[PDB]
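Throughout, protein chains are lettered first and strands after them, A, B, ... in sequence-line order, and every chain is numbered starting at 1. Each ligand, and each atom within it, is numbered from 1 in the order the structure gives. Excluded from the calculations below are hydrogen atoms, water molecules and symmetry mates; all remaining heavy atoms, backbone and side chain alike, are included.
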Amino acid sequence: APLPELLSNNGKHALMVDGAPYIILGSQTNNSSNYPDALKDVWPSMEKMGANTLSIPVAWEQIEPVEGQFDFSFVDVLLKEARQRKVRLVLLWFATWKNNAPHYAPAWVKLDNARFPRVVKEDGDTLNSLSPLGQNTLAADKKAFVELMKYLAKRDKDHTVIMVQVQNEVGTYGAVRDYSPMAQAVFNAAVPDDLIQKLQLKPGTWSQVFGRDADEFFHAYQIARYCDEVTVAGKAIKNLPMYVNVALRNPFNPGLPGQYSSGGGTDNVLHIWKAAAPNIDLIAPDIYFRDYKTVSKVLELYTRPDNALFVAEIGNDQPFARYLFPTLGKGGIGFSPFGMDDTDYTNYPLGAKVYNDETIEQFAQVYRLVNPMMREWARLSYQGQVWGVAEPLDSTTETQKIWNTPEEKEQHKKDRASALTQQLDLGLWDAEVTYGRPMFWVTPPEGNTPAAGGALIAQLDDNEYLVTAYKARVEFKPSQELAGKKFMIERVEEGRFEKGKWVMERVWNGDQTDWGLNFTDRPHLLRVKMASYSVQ
Amino acid sequence: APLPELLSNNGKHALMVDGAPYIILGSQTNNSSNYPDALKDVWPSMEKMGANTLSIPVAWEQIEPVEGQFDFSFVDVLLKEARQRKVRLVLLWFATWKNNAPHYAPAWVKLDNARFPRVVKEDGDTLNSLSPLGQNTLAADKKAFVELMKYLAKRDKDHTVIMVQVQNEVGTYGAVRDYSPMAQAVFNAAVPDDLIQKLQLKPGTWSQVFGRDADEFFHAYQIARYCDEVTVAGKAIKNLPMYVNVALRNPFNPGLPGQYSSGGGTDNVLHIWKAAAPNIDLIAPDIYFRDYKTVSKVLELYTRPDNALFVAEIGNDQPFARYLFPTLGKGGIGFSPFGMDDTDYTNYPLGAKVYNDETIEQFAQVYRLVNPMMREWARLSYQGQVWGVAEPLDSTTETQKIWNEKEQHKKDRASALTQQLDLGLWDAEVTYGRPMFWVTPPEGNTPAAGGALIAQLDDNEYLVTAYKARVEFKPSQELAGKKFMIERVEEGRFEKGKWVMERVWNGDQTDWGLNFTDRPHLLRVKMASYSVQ
Ligand SMILES: *[C@H]1[C@H](N)[C@H](CO)[C@H](O)[C@H](O)[C@H]1O
Ligand SMILES: *[C@H]1[C@H](N)[C@H](CO)[C@H](O)[C@H](O)[C@H]1O
Ligand code: NA
Ligand code: NA
Ligand code: NA
Ligand code: NA
Ligand code: NA
Ligand code: NA
Ligand code: NA
Ligand code: NA
Ligand code: NA
């Protein structure tokens, strides 16, 4: 089997696994699940969820508890047990930074500030965040990362591990950058020529070149460099795809760096990160916003010709499940809900209040739409045209229920039906996606309670589309005036792929096609052929 | 075994299956279940329902996907699976019209308007409704139908398939008829003498003869002839019973043709359909009206000396189940609730919001009354006297609920929930929603659900079975000094056509009428007048 690789071409992207595009329909563990004993509490969720890929930490403290004394006993067991369950892995390298901090570095690292120095604030106080300009730190992290990758080269010939995250949520809370004498010496010095030439700027010192942004861009540049060097070193051993995951700032109202995690790949510093760390394959958003407007904005910012979309973290509460659809519609390579294990921890108010089969089942339901076509979908998304949408109104609040005049009620229902109707330009044909209405007749949509639906569409040919959707109606129509022809559905087939060949189960027709294509919680994969026809 | 056939004599009808009267206690699939892979989501509901007959589509598009290249692979599987389950079939031929439209016709038909022309409106816009004046369409439909019937003649010698529906809900929405120059040439022309003579009318052109009804009567005639032609051709091959099913207009407030599906067998054109299509066995209503008054009206209009009642489609929501009773009461040959499969579709608000075991059980409960006596009831319906009633108030509304003098409303609902049946020398009074003891007035079941069947066995003897109701017997006429009583009530079953007694109802079980809950009981009730001289 060939190595996994992130391919990029013509504004589009694919995670290759075993020589073809692949989608990560993932589960991520809680942060303390990276031990042999905890795996029994991980696997049952993954099976209930139907995930193909587990994201799980491998901690520097665990593999190198004493300096030079390595321990891959966790990695051994994890590999074997993944293989028994025929799932893949994304290993998360928790090392110099895990959520800005060194807690997962071995004690001989995190307790020796002299050797492995922290970020100093402008006021001279010290933050528990390791400086990207500590050369011993970089050397030490590199060396352990290399041993991990050596373990993979020796013991993972079939690439059970498909990708590695290098650090977890890098940056600094509480200051913009390192203000140490060591850091200040670099800040006062000329900006590296490499960055100047890539950005096509005038040479000068950090403050001369970037002004108001010098402190934050400096920290991003130094962090990116460090992560790049770590990545290069590991990939020299085994050239897996590697990525970084971002503690996002609010894209509409970020506040100041240091309120958010300064130096990470936030939307304002993506240009710095891409310039500085050409060996990092992509920069992944960690999504804990619940509201459709903010989530959608994040997906837009992180989907770039130079950046494959991977939702490396998202909340595991019900509202988050539907963001699978726009993720996949943007050509994303994967989606990884956080905290999908039974190790007795919930990060509520971020994720679900109660972790039970119902929590898992919200994701299982959407995953069951994609799993039966995963490779086909993956191919279409890289090489062709795909689309995807989620229900665009969040669930009605109690504040909103309380204020629910007879003419006012009517106007609001109208407003909401319009908001809950989405248009997709599919070339010669459009789709109209609507949420929360009967399977029969044309009563306006009123939304699902809770908000939950979505759809996937892939273009097979000029008049032919793959469609599957969830608690929604999909209706097709011409994209342009027909100049006197009529149109109809030629044929809608429900079916599946077997050995990459379409197998028809049944034809949808009559009531099933009179009123759009109506989907509940169950999985149906459709091929939809449209026709215009003359009546002259 | 002998061919199934519809008999009609002396104002009565029967569907003969295997040489004796038969009642269709049916189930009908949703519209996209006519494939091998879907049948696993059909059979379990049928079994939970206790249905004896499955109505399922056979689509023109599936049997002739490319012109002249026939494919009966579905019919094959369907026949074998039905026989394994020991049930019968009604095939629904979805061809030139399914609900006005050609969607089930093959691509080479529905995408070729030059060859197979659509209805043209008065303003020259075109509707997706195939014109009955399209002679290429009629020939093509006929040829494929003939091929289906050929398949049955060769491959169904035991008549698993007992009846065939020709098209599904014919007619046109959006226009009264085709106004294409081709159609206009016929409309301007003489009305066919055969129709003139059957209707005892003066000869003349369509507008001359029918005036304000010309447009609709023209479309009704032209669709009737088309359908009769397909029927005749298929019966030449194998003479099964064949019928058409009607997208009803509201009998009390129809609106205009084209608002409703113009040219179907609606109650105002039954006379045209009967004169134009003498080879179609019956015209069957499709019933989605929920309300007792309207359903009752529909049942009244479609049960005629020339028309056997078959409720070819009805909704599967709970209020519909009790309409089995008046359907059978009227001499109905069957009843076919729509949407009885697990293929993840509901037509709510027409049928049930949620399709589950509870949905099915509402029908299974009423079918359980009739299955144990199906052949005996079928016989008594054709060759004798039967009656059937449903609870005649619909479930109280939320705003009648938040309405509510109270003693007067209760007195009115009581009178309303009391039905009289004239059984010759004896009458029956059927009441709904009261205890099994004493005489407190009826208050209705919640939701509305009761009914009753009765068949006369001799002057003084009746077969009775009912559901969430009380049945009381009394003399029909004054007894001129005699008293009366129940002589004997026997609960039992038929075994090999013989009545087998289980027990005698008496004492409490007969002091207060004959009280039925949700469980099945079949009673033989013998009444007597007696002298006290
Ligand atoms: C993403 C996120 N902050 C969760 C919070 O529960 C967790 O800390 C993950 O490790 C982060 O990467
Ligand atoms: C009767 C009715 N219109 C239902 C609606 O779900 C369905 O279209 C059947 O095919 C019709 O015959
Ligand atoms: Na277009
Ligand atoms: Na367009
Ligand atoms: Na399927
Ligand atoms: Na065309
Ligand atoms: Na009869
Ligand atoms: Na009488
Ligand atoms: Na009388
Ligand atoms: Na009994
Ligand atoms: Na007597």
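Under a 4.0 Å N-O distance rule, the pair B:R470/B:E472 does not qualify as a salt bridge. Of the charged side-chain nitrogens involved, none lies within less than 4.0 Å of a carboxylate oxygen, so that A:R290 and A:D394 do not count as a salt-bridged pair. For A:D291 and A:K297, the salt-bridge test fails: no basic side-chain N is under 4.0 Å from an acidic carboxylate O. Here B:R524 does not pair with B:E490 in a salt bridge; the nearest charged N to carboxylate O distance is not below 4.0 Å. The pair B:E361-B:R368 meets the salt-bridge criterion, with a side-chain N (NZ, NE, NH1 or NH2) lying under 4.0 Å from an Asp/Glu carboxylate O.
Residue contact check: A:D286 has heavy atoms under 4.0 Å from atoms 12 (O) of ligand 1. If you number the atoms of ligand 1 from 1 as listed, the ones under 4.0 Å from a heavy atom of A:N245 come out as 12 (O). Near A:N31, meaning under 4.0 Å from any of its heavy atoms, are these atoms of ligand 1: 8 (O), 9 (C), 10 (O).
A:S32 and A:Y345 are not linked by any side-chain donor-acceptor pair at a separation below 3.5 angstrom, with hydrogens and angles left out of the test. A donor-acceptor contact closer than 3.5 angstrom links the side chains of A:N347 and A:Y288.
Scanning the protein for heavy atoms near atom 7 (C) of ligand 1, the closest one is A:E313 OE2, 3.4 Å. Given atom 5 (C) of ligand 1, the protein heavy atom at minimum distance is A:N347 ND2, 3.7 Å.
Ring to ring, A:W429 and A:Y465 are not that close: their centroids are 6.0 angstrom or more apart. Taking the six-membered ring for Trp and the full ring otherwise, A:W60 and A:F94 have centroids separated by 6.0 Å or more.
Every heavy atom of A:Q28 sits 4.0 Å or more from the atoms of ligand 1.
Considering backbone and side-chain atoms alike, A:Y288 places every N or O at 3.5 Å or more from each N or O of ligand 1. Here's the thing with A:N168: one of its N/O atoms is less than 3.5 angstrom from an N/O atom of ligand 1.
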Item to complete: List the steps, then state whether side-chain hydrogen bond (donor to acceptor under 3.5 Å, both in side chains) holds for A:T172 with A:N100.
Response: CA-CA 5 Å; A:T172 305; A:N100 119 115; 4.8 Å; no

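Shown here are the protein N/O/S atoms lying under 3.0 Å from the Na ion (ligand 10), water excluded: B:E491 OE2, B:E502 OE1. Around the Na ion (ligand 3), the protein contributes the following N, O or S atoms at distances under 3.0 Å: A:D425 OD1, A:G427 O, A:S479 OG, A:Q480 OE1.
Counting only heavy atoms from C-beta outward, the side chains of A:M488 and A:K486 never approach each other to under 4.5 Å.
Panel note: side chain A:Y323, backbone A:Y292; a donor-acceptor pair is recorded below 3.5 Å.
Pairing each heavy atom of A:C227 with each of A:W97, the nearest pair is SG-CZ3, 4.2 Å.
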